[PDB]
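*Asks:* Give me a 3D structure for the following:
(2 chains)
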There are 2 protein chains.
Amino acid sequence: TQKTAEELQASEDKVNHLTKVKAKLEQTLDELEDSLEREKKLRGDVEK
Amino acid sequence: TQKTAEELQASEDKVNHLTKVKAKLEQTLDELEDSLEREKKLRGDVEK
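*Replies:* Numbers count the residues shown, from 1 in each chain, chains lettered A, B, ... in the order given. Okay, here it is:
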């Protein structure tokens, strides 16, 4: 009873862990994405 | 003994699903950051 009650709690915290990793990483997706778009526009202007 | 089993397997799937999300999102951070140099040295020699 106890050891399967452990892996029940050993899942939910890791669920709670990686969600904070995922929610951080979607924000990390942002500051690359606008900066890549920034570069793309700058390059386009120079080429023009 | 059966109820802790069924909440266990759905949770490990949520462990299994969320690491599939992280595995997809890490290579995007590769594909974005590899594109960061890929524009930049292409913008650099077209500058000169």
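*Asks:* what sits against residue A:25?
*Replies:* Applying CB atoms under 8 Å, 6 or more residues apart in numbering or on different chains, one finds that residue A:25 lies in contact with B:22, B:25, B:26, B:29. Just so you know, the C-beta spots here come from the backbone N, C-alpha and C atoms, and that holds for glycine as well.
*Asks:* Most neighbours of all those residues, which one?
*Replies:* If you count neighbours using other CB atoms under 10 Å in any protein chain shown, the busiest of those is residue B:25, which has 15 neighbours.
*Asks:* name the element that residue belongs to?
*Replies:* Assigned by DSSP states H and E, residue B:25 belongs to helix B:3-47.
*Asks:* That helix to helix A:2-47, inter-axis angle?
*Replies:* In this structure, helix B:3-47 runs at an angle of 20 degrees to helix A:2-47, with axes from the mean of the first three to the mean of the last three CA atoms, to 10 degrees as the basis.
*Asks:* Could you give the separation of helix B:3-47 from the chain centroid?
*Replies:* Using CA atoms, centre = their mean, to the nearest Å, we find the averaged C-alpha position of helix B:3-47 to lie 1 Å away from the chain's own average C-alpha position.
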